[PDB]
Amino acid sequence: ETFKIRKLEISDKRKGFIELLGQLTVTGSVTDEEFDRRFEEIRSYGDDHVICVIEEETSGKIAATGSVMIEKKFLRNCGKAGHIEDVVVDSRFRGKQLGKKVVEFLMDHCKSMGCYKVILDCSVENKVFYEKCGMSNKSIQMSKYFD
């Protein structure tokens, strides 16, 4: 196995991208039409919304992924914060240090865009993983689903 890190491309709909997201949470059965629609809506944000993928070359499937959306604010001298989302590594490839590579790629992008911070939410069990990526836990997440 060999791993290539890069951004999501429109052809990744045939490389198990949506299937890998399904290891994080419900995707539904996303059609090619819908995949392309939402790919172009995200591409429209340019550098303010980046999806990283790692492809495993032999299988030609996506092995890991993570996203970041840059939020412009008024505080912090009209600063910018990165929100890292949708980080998932295929269970087959856990222990291969792919999730760190994804997170670092997105942190590198946000530092380069002049963000003052990056944040993400995780389970209590995954705190120590993200501490290894230089992060700290000082707040909690609240959520409301419109189920």
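In this text, residue numbers run from 1 along the sequence as written.
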- line: Entry B factor averaged over C-alpha atoms, 109-117 against 43-51: higher for 43-51
- prompt: Can you tell me which stretch has the higher mean Cα B-factor, 120-128 or 20-28?
  reply: 120-128
Deposited CA B-factor, highest of 80, 96, 38, 83: 96
query: Mind checking which third residue 104 falls in for C-alpha B-factor across the chain?
result: middle
